[PDB]
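Chains as they are written, first to last, in the deposited numbering: chain A, 219 to 291; chain G, 107 to 148.
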């Protein structure tokens, strides 16, 4: 898709230049971006390991020092 | 889409409290010329 083409155009050209920093700069904010999405209906596993389904709604609460650590990423 | 009818319920904020910043006005005093009983200006 066209969402794949803009990534493969900016990684094929760049991986000819920097072999070191490129794999970690793109893969950096995914440790931060996992904390922004809300929970609508989630899976769960109870204590003896078996799968249930839960429906709880939990907000995502991030401070302003995450959106200042994401702008520097 | 049971996650969409739940999200409408968490999105209902309490009622928007309104405070006004100017007095409610319909009428203003305007400058109109005045004439005496004969007809000419006063």
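Note that CB positions come from ideal geometry on N, CA and C, so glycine has one too.
- At a cut-off of 8 Å between C-beta atoms, residue 138 of chain G does not count as an interface residue with respect to chain A.
- According to DSSP, residue 147 of chain G shares a beta bridge with G/141.
- Of the candidates A/221, A/263 and A/256, A/256 places its Cα closest to the Cα of residue 113 of chain G.
- With a contact defined as Cβ atoms closer than 8 Å, residue 254 of chain A and residue 276 of chain A miss out at about 13 Å.
- Judged by beta-carbon spacing, residue 250 of chain A lies beyond the 8 Å limit of residue 221 of chain A, meaning their Cβ atoms are not closer than that value.
- Listed along chain A, no residue sits closer than 9 Å to residue 128 of chain G by beta-carbon distance, the nearest being about 34 Å off.
- Neighbourhood of residue 113 of chain G in chain A, by CB distance below 8 Å: 258 and 275, in chain order.
- When only Cα atoms are considered, residue 289 of chain A and residue 129 of chain G end up about 45 Å apart.
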